[PDB]
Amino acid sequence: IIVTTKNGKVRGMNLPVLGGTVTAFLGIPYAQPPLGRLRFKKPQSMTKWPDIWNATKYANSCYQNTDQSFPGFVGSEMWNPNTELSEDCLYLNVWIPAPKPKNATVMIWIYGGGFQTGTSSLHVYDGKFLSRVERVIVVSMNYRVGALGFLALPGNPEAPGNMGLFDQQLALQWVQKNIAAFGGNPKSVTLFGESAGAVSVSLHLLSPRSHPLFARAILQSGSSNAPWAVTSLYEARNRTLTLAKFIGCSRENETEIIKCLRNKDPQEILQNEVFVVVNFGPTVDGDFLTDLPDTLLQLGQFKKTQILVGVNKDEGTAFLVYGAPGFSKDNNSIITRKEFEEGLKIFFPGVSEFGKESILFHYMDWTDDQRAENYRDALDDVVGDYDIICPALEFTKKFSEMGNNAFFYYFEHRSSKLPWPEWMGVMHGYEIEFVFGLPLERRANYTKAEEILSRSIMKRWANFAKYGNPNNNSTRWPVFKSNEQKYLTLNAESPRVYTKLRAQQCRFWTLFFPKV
């Protein structure tokens, strides 16, 4: 099982997957290690090796602070890295079906994590089931996060900004030059990702030099037009200078502020990263991204192709348990009105006190919901609608006004193995295990219905990658058009077709709230 690339030969391994076999290549380098003078710089093309690269084990994860908000709790630690942390982390993984195909569709996964955390070696990102069941080739790459991936000085090639996004772009370039040798069709590539990875996929749609590197796109719970996605270039010069003051590298000569940072330790950078305020994420760098995503969308400046977008029913709950008063994973988080208004101050830092009164009126005082859970559920809807759902709906509507086919889903199933409490519902991030087919292993002790639901989701995802349409006697997933705006619910009982998701709420965020 040796495949010959353009930089050398790589060895793989065969995995027993669901009574069959899947060939996996874990840890193929796609760029020179960004060590020394290459730190904070854009990735350089990988050098050649005459030997055989073994690629039989998940490579290193990029340096990142780990989540320690809930010690020992699996619901938080399942997202922490599971390999050694090092700056030498620019590697990718490939999963080829067995027997080897000849022109298989390729699906490339881009993990999320607020552009500060994440790795492709997580168990929930294991592509072997998807390659087995749907006979697609699955690719995933590690890209730099935090300051080491998004430290920005305007126009300074020592730290230009969006380095982590260029890491993804170079990994897409590797697929165009090498996936044919593995049995994949370089003209049938689909990008899919979740949260910050969905922001990444939607930024590749807005980056012209990425257009020829893929065919279609899938956005799970994220889009680059979200309020938290992209900063301006001056906003990114600040924070970069603020970090320099905290770490002790303040210079009046800018290009040598980076020479001081290149000689600090990676753990030293991570400890001062958090004191700056997404502290180091995508910016309008003028190279990868030339304008704010909302401007590029209004100008029609994006790749014209099909997209598949969707959100989960309870997007906001995961946000609230990490920094909102009254919320806890150890009780029902029944909050008072005072705690509600303090939650708005956290998630709406600059808005006025009348702006917060507008939110409270449209989500609470406009109706008669006198349940004890009113303020709690409404604050989940406020954060979910403002930060995830309504931006994703606006992204899909823009692609539809221009005449591109789009498909929208509404995930409603809560995993029977969800470790978080019940008040959090269908959380941000917990559709991924159904997309990657984890309920198919009967030893994982998912319900039989969850295995069926997972096979359905994997089929719809793979159909969209292969044919540009997720759809047969099953419930048809209609096209999302700008007028009717039909979407499909994803659940274990019976998927339903509805129209205009959260329409009243999104009309408040896009038509009325900007005016207060």
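The first residue of the shown sequence is 1; numbering continues from there.
Counting the unmodelled positions of the deposited sequence between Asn471 and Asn472 gives a small gap of 1 to 3 residues.
A chain break between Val277 and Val278 is present, corresponding to 4 to 9 residues of the deposited sequence without coordinates. When the C-alpha B-factors of 149 to 157 and 408 to 416 are averaged, 149 to 157 comes out higher. For the two regions 27 to 35 and 484 to 492, the entry's Cα B-factors average higher over 27 to 35. As recorded in the entry, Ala372 carries the highest CA temperature factor of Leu205, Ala372, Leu219, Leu90. Per the deposited coordinates, the residue with the largest Cα temperature factor out of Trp366, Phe348, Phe73, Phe192 is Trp366.
Ranked within its chain, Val479 lands in the lowest third, by CA B factor from the PDB record. Per-chain ranking of the deposited C-alpha B factor places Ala378 in the lowest third. Split the chain's modelled residues into thirds by C-alpha temperature factor. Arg11 is in the highest one. Ranked by C-alpha B-factor against the other modelled residues of its chain, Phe399 falls in the lowest third. Looking at the C-alpha B-factors along this chain, the one for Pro266 belongs to the highest third.
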